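Below, in structure tokens: the form deposited in one PDB entry, a single chain.
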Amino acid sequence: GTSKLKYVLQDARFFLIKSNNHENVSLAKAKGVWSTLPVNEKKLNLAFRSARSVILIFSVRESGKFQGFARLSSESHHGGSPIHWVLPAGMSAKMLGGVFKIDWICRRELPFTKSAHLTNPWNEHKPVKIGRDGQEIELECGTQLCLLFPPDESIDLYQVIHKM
């Protein structure tokens, strides 16, 4: 149970991911891909090569919740077939043309009320819920946060661990 999760969380770097809509997170859950803006895309590629795992912790903006977490399985790829993202106003397809493959670790939600005790030393010790897209979460805070999520009754950590 936790032994497999804790294994996957070991050596990890944790990034907060924000989405302006629910639909992109749902497409991401369904297809196992994500795109972020260029600045974070660069930070994520770099992180991928420095840690056994990079964990993306998803939160839809103004939702009052996290919607789950995933592990990067690839660096971003460009020049492939574009994802049908819902593009917030002023944002172009080109800005989210970097496509990362991800393997979901937990598709279950976690209301911010359940993480209120966790603060992030890498964001001025603000509660972990507060953070821009791509904000890195310190090791202890990130690990403990992921551990708060309800167990995902439908993901078998065999393949995820297999890949690593």
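From 1 onward, residues are counted along the sequence shown. Take the two forms, find the largest set of C-alpha atoms that superpose within 1.5 Å, and that set is the rigid core.
Trainee: Report the stretch with the higher mean CA temperature factor, choosing between 152-160 and 19-27 on the basis of the entry.
Mentor: According to the entry, 152-160 carries the higher average C-alpha B-factor.
Trainee: If you average the CA temperature factors over each stretch, which comes out higher, 92-100 or 63-71?
Mentor: Between 92-100 and 63-71, it is 92-100.
Trainee: Should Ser50 be placed in the lowest, middle or highest third of its chain by the C-alpha B factor in the entry?
Mentor: Ranked within chain, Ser50 CA B lands in the highest tercile.
From this point on, the text means the form deposited in another entry, which you will not see here.
Trainee: Quick one: with the rigid core lined up, which of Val60, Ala47, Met95, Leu118 moves its CA 2 Å or more between the shown form and the other one?
Mentor: Among the listed residues, the outlier is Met95.
Trainee: For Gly32, decide whether the Cα shift between the shown form and the other one is 2 Å or greater, given a superposition on the rigid core.
Mentor: No; that C-alpha moves by less than 2 Å between the shown form and the other one.
Trainee: Might you say whether the CA atoms of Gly79 and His22 end up closer or farther apart in that other deposited form than in this form? Their distance differs by 3 Å or more.
Mentor: Relative to the shown form, the pair is closer.
Trainee: Closer or farther: how do the Cα atoms of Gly79 and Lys31 compare in that other deposited form versus the shown form, where the change is at least 3 Å?
Mentor: Compared with the shown chain, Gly79-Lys31 is closer in that other deposited form.
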